[PDB]
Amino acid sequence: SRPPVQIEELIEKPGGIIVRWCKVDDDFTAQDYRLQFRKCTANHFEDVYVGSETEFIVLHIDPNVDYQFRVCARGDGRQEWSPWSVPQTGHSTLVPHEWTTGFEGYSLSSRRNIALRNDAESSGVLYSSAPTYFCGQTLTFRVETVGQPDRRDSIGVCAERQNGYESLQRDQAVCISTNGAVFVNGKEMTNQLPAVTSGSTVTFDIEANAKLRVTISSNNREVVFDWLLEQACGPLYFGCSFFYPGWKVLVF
């Protein structure tokens, strides 16, 4: 008849929200907690976590959208859930995905989100402007226009901005090439995705050395695999590389 649990912290990040709750009546003995969320615009809460832990990382949230969260608890001999905490509203933070400006061989759109491979010599991979891929984000690229394909073509994600290599087909990176081949720490997988054409999207979903699970989607097919990284799930760079002119990639 009193809420035994309240939300204690809301940790708003670019790719999700961590909700942490605390038992506010020491005399309550909790078996299970139940966390729900909804968009502030929606008329229905849905369960996102039921279990004995007192925090949960909520990854399926759109940026720029407010969500409401509430939590309750149930005792061991009582089947009925307790009253709910006061609800709390949260949102992910906003860190735009943009390409590096001033990198030879690539021309950018005014908002720095579309990169075109031009006729100039290029020193290597065009990286994001900073490591702005955060775990929990769905990172989406769209291929606007194409050029001649080449074995060193890549689109992907990696730990560090490294100027040496010709592509992201290298250690501490995951990428796809323009033939649909997928590389994990520079090692090509047997399974391929359909090769990109203009209009194709490529999506990366990465969820927690360190063992991450990576889902790459493209042209209505997916591959899923393990990626072992020596960093943690800290923010990652993204990048692309194309040898021949005409390839143009939007990042969302």
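One rule holds for the numbers: they count along the sequence shown, beginning at 1.
The entry shows a gap from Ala208 to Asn209, with 10 or more unmodelled residues of the deposited sequence in between. Annotation for 179-187 versus 40-48: the higher mean temperature factor (C-alpha) is found in 179-187. Mean CA temperature factor is higher for 162-170 when stretches 88-96 and 162-170 are set side by side in the entry. Looking at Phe28, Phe204, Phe69, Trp227, the one whose CA carries the top B-factor in the deposited record is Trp227. Highest CA B-factor among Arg78, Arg117, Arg142, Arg112, as stated in the entry: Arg78. In the deposited entry, the Cα temperature factor of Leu59 sits in the middle third of values across the chain's modelled residues. When the CA B factors of the chain's modelled residues are split into thirds, the value for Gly105 lands in the middle one.
Ranked by C-alpha B-factor against the other modelled residues of its chain, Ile155 falls in the lowest third. Among the modelled residues of its chain, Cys135 has a C-alpha B-factor that falls in the highest third, as given in the PDB entry. Split the chain's modelled residues into thirds by C-alpha temperature factor. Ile216 is in the middle one.
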